[PDB]
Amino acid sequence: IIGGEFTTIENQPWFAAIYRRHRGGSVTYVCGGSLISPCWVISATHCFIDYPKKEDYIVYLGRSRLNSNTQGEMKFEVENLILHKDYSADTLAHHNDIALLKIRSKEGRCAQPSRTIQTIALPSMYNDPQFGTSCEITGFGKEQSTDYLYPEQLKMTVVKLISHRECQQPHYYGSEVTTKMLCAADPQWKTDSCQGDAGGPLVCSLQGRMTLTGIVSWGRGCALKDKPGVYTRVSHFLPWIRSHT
C-alpha cells in the first residue's frame, strides 16, 4: 500500500496473510486474501499460478504483522487451492484473477471467529457502489514502488471507484480492463495498492454493509497518474464462487 495508514487486524478481521514454504523450509509472504466463510479464503489466481501445489502454502488469520506472530492468530494449511480455469495473463491485465483456498488447521478445523477473526460479506450479483464511491484496501505490499522490503505492519488506505468508461480511456488502460474488473484510485494518485497487495480486499460500504467488492489484481506501476489499481469485480463471479465453495 502506497500512502495510507498502518492498522492492526481488528480493523480488517477478515484479512488473510498467505505464505509459501520453499525447499529447505524457508517461508516467504505470497499475497493477501479475504475470509468469506469459516473454511474459505478468496484471493487472486496470479498469486499461485506458478506454484499450484496446495501443500506448499500456509495461511494466517488474525495476523497484523508480516514476520512476527500476532497474539490470537490462527495458522492454516491449504486443504484445496482452487484457481479459475479461465485465468489469462497479458502484458499486465490478468483476466478472471480470482482463487479460492479451503483452509484447515492441523487439528482439522476451519476458522474460529473472534475479535481479530471474522468473515466479510460478498456483494449481491452485479451490485456495485456508484463510481466515485470511497472504499478501502488492505495489505502488506510495498509502501513505495522503489522499496525492496515489505512493511512489517499491515496497512490500509482509501481509493475511489472509477467508471469503466473512464478506465477504458486511452490515457488509462484502454482495453486491458474489462467489465469483470473495477478500477479505483486516489483523485491525486497519492495512495494505491502495490506489489505484495494482490489478492487483498477492496471493501466498500454498500447499503450499510461492509462488502468484499473487489480483489487486488493489477496495475501499471503504483500510485501513478492515470494508472489506477485494477480489481477483480467480485459481484461478477458469484456463480463461480458458489459452485466451487
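All residue numbers are counted from 1 along the displayed sequence.
Comparing 43-51 with 195-203, the higher mean C-alpha B-factor in the PDB entry belongs to 43-51. Taking the mean C-alpha B-factor of each stretch as recorded, 20-28 and 231-239 are not equal, and the higher mean is that of 20-28. Within the selection 156, 110, 83, 149, the deposited Cα B-factor values reach their highest point at 110.
Ranking 71, 169, 138, 144 by the C-alpha B-factor listed in the PDB entry places 169 at the top. Ranked within its chain, residue 187 lands in the middle third, by CA B factor from the PDB record. Looking at the C-alpha B-factors along this chain, the one for residue 125 belongs to the highest third.
Ranked by Cα temperature factor within the chain, residue 100 sits in the lowest third according to the deposited record. Per-chain ranking of the deposited C-alpha B factor places residue 35 in the lowest third. Residue 216 sits in the lowest third of its chain by CA B factor, as recorded in the PDB entry.
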